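Only one chain is shown below, in structure tokens, and it's the form deposited in one PDB entry.
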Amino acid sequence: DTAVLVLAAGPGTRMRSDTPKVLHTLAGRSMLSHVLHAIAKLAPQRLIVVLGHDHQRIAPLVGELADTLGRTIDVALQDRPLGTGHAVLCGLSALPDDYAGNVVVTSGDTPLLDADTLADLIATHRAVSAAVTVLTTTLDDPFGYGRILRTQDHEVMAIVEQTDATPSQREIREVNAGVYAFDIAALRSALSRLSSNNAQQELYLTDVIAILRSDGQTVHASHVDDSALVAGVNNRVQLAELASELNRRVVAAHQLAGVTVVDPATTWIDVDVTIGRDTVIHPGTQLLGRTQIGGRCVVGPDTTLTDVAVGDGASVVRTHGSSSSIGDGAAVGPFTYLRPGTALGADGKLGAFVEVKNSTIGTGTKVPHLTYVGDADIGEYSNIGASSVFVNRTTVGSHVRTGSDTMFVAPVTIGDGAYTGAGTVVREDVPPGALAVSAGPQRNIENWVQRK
């Protein structure tokens, strides 16, 4: 059997945040969600998330995530901030006393930890018949991490916390990832022998290593060369360095699968985003949420799309949009705002300084300049003049030509093939094939300027 505990109990005081550390997000999931998704793929028999401060704020999101992953996720509360050693103990109490499996310990602030790393850890753990196996790695800057101590003979002695290391030890660049596999009897038995005489006056989980080494138990360290996989987040400088490392990888994966990305460093792609072959993404682009881009698209510089669906061969340039759909071969931008519920048919055009909200717009229809469309349904191959406003429901037919400077005052229906004169205010329905007008006739006042 195997059980995974997720240590999400700490305060994250160095985040300086009213929002709990473990719910800050990157690439579209919270850290906690990234950690849980990864574990879920490995499918251990039990899964326990230990919470402490802010638990009423984190618990409901653990339950939300248990439904999305379709499995039970238990929650063990930690009453006293008595250390991580104490947190494992709290977590074990959600396990039956008779429990015979392996226990794997993990935190929830390690968002790039993946299912293979855990697998390699369990496999290695079982292969060497070890009481405790710990993931290590080595870093340029090892600040804030337990250091790994070994004999002459390379044997793992102990783990010394940052607050507790001599200056001489603070130099050690092998670090404790804080990801372990334990034999359960050995874990139970060393947790009892933890004392809190140390710099933080806590029960260090990391003391368990020296303890089992004392009983002449087998202690294994498994070095992870790709340090990003087990990097943790304590503050916002680390949050962003890893949001950025994860972004590099998402982008590179899209590039190898056929997407041209002009500039990876300023192209942000959330984990659920799909993009078709031979589309080009220009720089300053964020593809967020469940956004889908077809193939042979152009996604223009300085574009932001959240939960937008874009068909094949469409261009979406300098566009700020969400919760909207854009058809094949359609043209959006530059300087275009899509609010929730915009659907633009195939071959359609929303141009410069156009805003659409909750509007359905038919195949091949063009709204190219300076106009607001909201709460409107517009038919096919229609053309909406510059400088207009759908004054919010309105329905507009197919093959319509509305003139510049038309205000459609909802609710109003414009019939197939109708026209509107420049500067018309439409307050009553327009029959198919009629010209609606309201502008007064021009009058020239000669020599007005000499006089005034």
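Take the two forms, find the largest set of C-alpha atoms that superpose within 1.5 Å, and that set is the rigid core. Numbers for residues come from their place in the sequence shown, where the first is 1. Only residues modelled in both forms are compared.
Trainee: For the stretch from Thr413 to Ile414, please bin the deposited residues that the model skips: none, 1 to 3, 4 to 9, or 10 or more.
Mentor: In the record, the chain runs straight from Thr413 to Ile414 with none unmodelled.
Trainee: Return whichever of 403-411 and 45-53 has the greater mean Cα B factor according to the PDB record.
Mentor: Looking at the recorded C-alpha B-factors, 45-53 comes out higher on average.
Trainee: Regarding 281-289 and 77-85, which shows the higher C-alpha temperature factor on average in the entry?
Mentor: Between 281-289 and 77-85, it is 77-85.
Trainee: Please pick out which of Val259, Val262, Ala240, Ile172 has the largest Cα B-factor as recorded in the entry.
Mentor: By C-alpha B-factor in the record, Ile172 ranks first.
Trainee: Highest CA temperature factor in the entry: which of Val425, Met31, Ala40, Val389?
Mentor: Max CA B-factor in the entry, restricted to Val425, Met31, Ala40, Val389: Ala40.
Trainee: Is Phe143 in the lowest, middle or highest third of its chain when residues are ranked by C-alpha B-factor?
Mentor: For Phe143, the deposited C-alpha B-factor lands in the highest third.
Trainee: Looking at the entry's B-factor column for C-alpha atoms only, identify whether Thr68 ranks in the lowest, middle or highest third of its chain.
Mentor: CA B-factor rank for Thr68: highest third.
Trainee: What third of the chain, by the recorded C-alpha B-factor, contains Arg188?
Mentor: According to the entry, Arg188 has a C-alpha B-factor in the chain's middle third.
Trainee: By its CA B factor, does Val298 count among the lowest, middle or highest third of the modelled residues in the chain?
Mentor: Lowest third of the chain for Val298's C-alpha B-factor.
Trainee: When the deposited Cα B-factors of this chain's modelled residues are ordered and cut into thirds, is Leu205 in the lowest, the middle or the highest one?
Mentor: For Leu205, the deposited C-alpha B-factor lands in the middle third.
Another form exists, deposited in another entry; not displayed. Remarks below refer to it.
Trainee: Can you tell which residue in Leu26, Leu32, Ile58, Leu47 has its CA shifted by 2 Å or more between the shown form and the other one when the core is superposed?
Mentor: Correct option: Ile58.
Trainee: Do you see a C-alpha shift of 2 Å or more at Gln169 between the shown form and the other one, with the core held fixed?
Mentor: It does shift by 2 Å or more.
Trainee: Given that the CA-CA distance for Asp74 and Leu61 shifts by 3 Å or more in the other entry, does it become closer or farther?
Mentor: Relative to the shown form, the pair is closer.
Trainee: Have a look at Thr84 and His55: in the other entry, are their Cα atoms closer together or farther apart than in this form, given the change is 3 Å or more?
Mentor: Relative to this form, farther apart in the other entry.
Trainee: Residues present in both forms only, core superposed, 2 Å C-alpha shift required: which runs of three or more differ between the shown form and the other one?
Mentor: Once the cores are aligned, runs 53-63, 165-169 are those whose C-alphas move by at least 2 Å.
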